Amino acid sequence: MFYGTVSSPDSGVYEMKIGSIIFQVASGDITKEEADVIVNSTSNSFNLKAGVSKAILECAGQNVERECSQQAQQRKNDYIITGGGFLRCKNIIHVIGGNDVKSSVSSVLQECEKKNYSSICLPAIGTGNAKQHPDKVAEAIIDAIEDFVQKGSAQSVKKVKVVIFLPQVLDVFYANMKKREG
């Protein structure tokens, strides 16, 4: 009902349509990307500095670190939204790596529609310190996007890209795309 064809538009990038959204995967350093929103996969304290979270907090800078710990003490949050700091984005959405990945991605998509944003870049959420299995993480990310499209919710969001630290995890995402393709 939804899936287009898998192709490679640029070296190391793989893409397919999911309804009106372009879904892409690539390996690399997510802190070098430009998008309306970049997603961080962190702890329930929003102060982890290991793996992807280390790179994101160090690049973003100390004002973003302090925004995080200020919101964490105010209430119990499933995720938090901060400024971009010195990353090339309008906002960072910090999700909890150990939480249900489909739920986390659904929340990111909803928040981006609320701001009329068009582009999102995320890591392989949960595959770092949280040690969720890559096969289950890929299935959950793509399922969230399918559900969002099926419900008629995609209006401003046009591009969702997963930038993945390890090439071996990229292989798992590409196999999942080929399983789904029209």
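Heads up: residue numbers just count along the shown sequence, starting at 1.
The question of which stretch, 57-65 or 122-130, has the higher mean Cα B factor is settled in favour of 57-65.
For the pair 138-146 and 42-50, the mean B factor over Cα atoms is greater in 42-50. Looking only at 74, 82, 99, 110, the residue with the top Cα B factor in the deposited structure is 74. In the PDB entry, residue 30 places in the middle third of its chain by CA B-factor.
When the CA B factors of the chain's modelled residues are split into thirds, the value for residue 171 lands in the middle one.
When all modelled residues of the chain are sorted by CA temperature factor, residue 22 is found within the middle third. Among all modelled residues in this chain, the alpha-carbon of residue 70 has a temperature factor (C-alpha) in the highest third. For residue 153, the recorded CA temperature factor ranks within the highest third of the chain's modelled residues.
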